[PDB]
Every structure is written in C-alpha cells, then in structure tokens.
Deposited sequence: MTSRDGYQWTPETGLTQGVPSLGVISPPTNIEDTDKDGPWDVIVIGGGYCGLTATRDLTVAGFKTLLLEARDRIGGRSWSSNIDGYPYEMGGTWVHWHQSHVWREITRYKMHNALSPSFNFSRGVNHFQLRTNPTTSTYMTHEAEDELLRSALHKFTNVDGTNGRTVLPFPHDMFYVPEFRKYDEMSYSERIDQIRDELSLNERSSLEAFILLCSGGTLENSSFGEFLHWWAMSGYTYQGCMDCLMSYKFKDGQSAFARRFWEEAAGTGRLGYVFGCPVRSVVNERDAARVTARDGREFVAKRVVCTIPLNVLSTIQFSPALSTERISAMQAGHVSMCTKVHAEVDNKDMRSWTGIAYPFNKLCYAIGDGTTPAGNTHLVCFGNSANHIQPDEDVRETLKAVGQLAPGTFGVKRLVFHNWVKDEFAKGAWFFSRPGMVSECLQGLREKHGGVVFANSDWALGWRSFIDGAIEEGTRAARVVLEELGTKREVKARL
C-alpha cells in the first residue's frame, strides 16, 4: 500500500513522490464516547487504551496512514525509517509496549564495526578530512560533551536530579533559558576546533535547530534522561531499531484497537475545528464533516496547532508556544551507496555542509551500505527541491568514496501535518510554557510527545502522553 507521503530517488526513476508503508490503512474508513484526533503513537496509545477499557472511540487522521512523525517504507526488502526510529529499554513507555507486543527480540543494532573502513571521518572544511578510530571518536565526543554539560560539577546530576520534575532544583530554570551559543561561549577557549565542531554537530543533530535558537537546558534534559553520559545518549538515541520497521510496531496498536469492535476511523480527514458544547465536543473536518463525542483527545503537533479553531479560546501560554513554534527542522536523508566498506563508517561534516551528521546504519539485501544522514536549521536543505543538491550534500560527507543508488526521505518541515520534526524547544520555552501545554481545556485533552514530561519529543513521550490522555478521559467519563 502506497502512501502519499515520502520521496524516493534512483538514477532510473528520478525523484518520485509517495512510497509504500505498512502504516497505510485500507479501506480509509469503517464508518461516540471519544474522538481521538491524530493516529501517531500518542493517538494510537490513547485509542488502544480507551477501546480496550470499553469506550466507543473514533480516530480521525489527516494522512492516509498511522504513525505520524514515525513510519517506515519497505523498498527492495529493506525498511527505510522516514521519521522516528530508535528505541531503548531505558525508555519506559515505548519499551513497555515493545515487550507487551513481544517485539523485544525484534531489534537490530545500527552500529556494526565488524568489517570495512571502521573509522570516523571528521570534516571541518570542504577541502580536507580527518580520520580517526571509533575509540578516538568516542574520546573526542566524551571530552567535548563533558565540558558542555558540566555546569554543576556533576554533568547535570546536581541541577537536574529528577528530569521529570525540572523545577525540583530552582536553578535549572536558568539553563532552560540558555541557548547552545550562550553555553559554548562560556567554554569556548577550552575547546579545540575538533572538539567544538563535533560538539556543535552533535547538539544540533539533537535540536535540529541553530546554536542561537536551541535551548541548552533541553539538551541537558535529553542527557539526564539518557543517564548523564555520552554512551547513555548513544545507547538511547541511535543504537536500536525495529527489524521490520516502525510501521510494524504501529500496526500492533492498530490491530489491538480494531480487535475490540469499538474502533471507528476516518483517514484523509483533516480537522479544521474543535468546539466545546454542553456535555460534548464538536469536531469539524476541512470539508465540513462534523463529528461529536463526549471528550476529544487532540494529538495535533505543537507546530500545527495554530491552524485549528478552538472555542473556547486557548490559553496565553499555549498560544505563545504555538506562535513561536519549536526549532527542530531536521532533514533526514537515507542513502543506499555502492561502497560495502562504509557499513562501519561514521561522519561529521560541519559547518559547511547541508547534512552534518551521518552513520552506516545497515546493509540492504542487494549488499549495499545504508547511510542515514541528518541536517539542521544552521545549514538547511529541503531534500525534495533539488536532488542534484541533495546528492551533493550526501557526497560531501565522504567525497569520492561512493556512488548513490537510492535516496529515501520525507520532508517534515514542509509537511502541513508536522511543520517540523520532533519537538525541540527555544531557550525559556519549556520552563515558560510546559504547564500551559499540559493543562485541561474543557472537553479537550491535549496530548503529544511535544509536551511530555520524560522522553519529551521521543516516540516514548508520545506513548507517555497517550497513556495520560486515556487515563484522563476514563476518570472524567467514569
């Protein structure tokens, strides 16, 4: 089943739009106690919980598929992860689901240093490269991240001992209010070019933004969640993916909800408005269709919420967050390349390149190396706009070492139903707005990974929030 989402390029086809996905639901409709808006992990979790608990639930989704900001496309026997990819057993909510759905043994490691070039390629200007062992890479990143995170003498353990409760130590607020650039400026004289370049590339990989617009405290939050170490981060952020792709995982939620007999759904159904009435809420599609339920779980992403009409009017904090928007404009490009030895390659090309961080991520059945490449707002490319330029950015990660057989990507920035990649905050945004983003709104429960407490911005945060939403609805409806 082909989605409208996604792009693929090959020499023989050029650039084409729309790729297959297990996430595509057919037929698109099968038609209420609850309406759930959005079929990403947050909506899937809420819907699964609610239907299992006995509630008649209508899921309305703008796209032709489930998964939202995370979905996979199987092409020539290999799953390409268009958005959210990596998971770990230190991520409570996603791991709980993985184990309950018995997919704990269905993971693959992204890193494999068993053969090939077995090096990290650091490029700090367009004309040269520095190569080092993965051990040296580890040491370099450890050194730079130590200096970056050591605001309190314990790399964040003192100012942020309980990352689920950011104000537990009052002084954390000042780090939430700090930009990446402001922190770098404090340690600048203590960083070599190699340290600073790898550091900036890594922290911008995480934020998808710029040094000026990314919150230092939010990175400290990721760091803390991961165990306050570089290896903790690598383990949680980039180590383990589904063998069969994320869309296989999303299906499990879908199949369970569907099996209850209490699931109604409409795909290709973008909501334009949500109005609170007496004892119920009314949801209206762009095309005028109306749906009514006792409660609504709205999972529309933060960067998309300004397109919706709510009455009653949303709070001041909700509006300010929505209008400012989060900063992650990550470009994620998959390249299937003809260099077999690059399975064990990693690269940082910064700041001159429109893709700044990349890894060997797998081998396709055709025996080609799969590279996953990441770009941010500091030097941004829209991968769809000019494939020649996209290929150039890919190539410049390791000039003269490979030819590209395939590109696969989804443009999250230009996606009207995402308007950005995963949540990453501006300085001060989380401390100022998190409470407002999580607050009650009559018959509407606002739930999205964007404003979770723990693994905020992760698949895990989506599930945390969907679980909360279902709990709220169940308690309110008795």
**Q.** Deposited-sequence segments unaccounted for in the coordinates
**A.** 32 to 39, 487 to 495
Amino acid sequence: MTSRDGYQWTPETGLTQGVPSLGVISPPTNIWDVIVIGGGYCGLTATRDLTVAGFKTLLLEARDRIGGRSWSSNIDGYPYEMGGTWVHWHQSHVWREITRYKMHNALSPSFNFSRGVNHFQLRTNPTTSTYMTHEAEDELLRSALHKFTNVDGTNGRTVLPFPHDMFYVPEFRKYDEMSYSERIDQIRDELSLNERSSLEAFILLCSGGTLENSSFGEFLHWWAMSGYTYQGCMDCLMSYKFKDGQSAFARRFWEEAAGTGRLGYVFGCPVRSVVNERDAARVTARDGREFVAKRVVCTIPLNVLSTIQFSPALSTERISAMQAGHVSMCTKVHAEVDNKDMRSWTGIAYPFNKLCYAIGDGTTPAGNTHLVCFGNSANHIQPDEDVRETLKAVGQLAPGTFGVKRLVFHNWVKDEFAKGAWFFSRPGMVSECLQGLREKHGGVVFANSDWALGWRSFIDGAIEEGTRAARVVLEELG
From here on, numbers count along this sequence of modelled residues.
Q: Mind pulling up the entry and telling me whether 316 to 324 or 344 to 352 has the higher mean Cα temperature factor?
A: 316 to 324
Q) Taking only the CA atoms, which stretch has the higher mean B-factor in the record, 456 to 464 or 15 to 23? A) 15 to 23
**Q.** Highest recorded Cα temperature factor - choice among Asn118, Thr369, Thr284, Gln231
**A.** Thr284
Q. Of the options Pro126, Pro79, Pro365, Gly209, which has the highest CA B factor as deposited?
A. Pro126
Q) With respect to C-alpha B-factor, does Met132 fall in the lowest, middle or highest third of the chain as deposited? A) middle
Q | Chain thirds of CA B-factor: placement of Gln435 | A | highest
Q | Third of the chain, ranked by Cα B-factor, where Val304 sits | A | highest
Q) So where's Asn339 on the chain's Cα temperature factor ranking, which third? A) middle
**Q.** Relative C-alpha B-factor of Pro163, binned into the chain's lowest, middle or highest third
**A.** middle
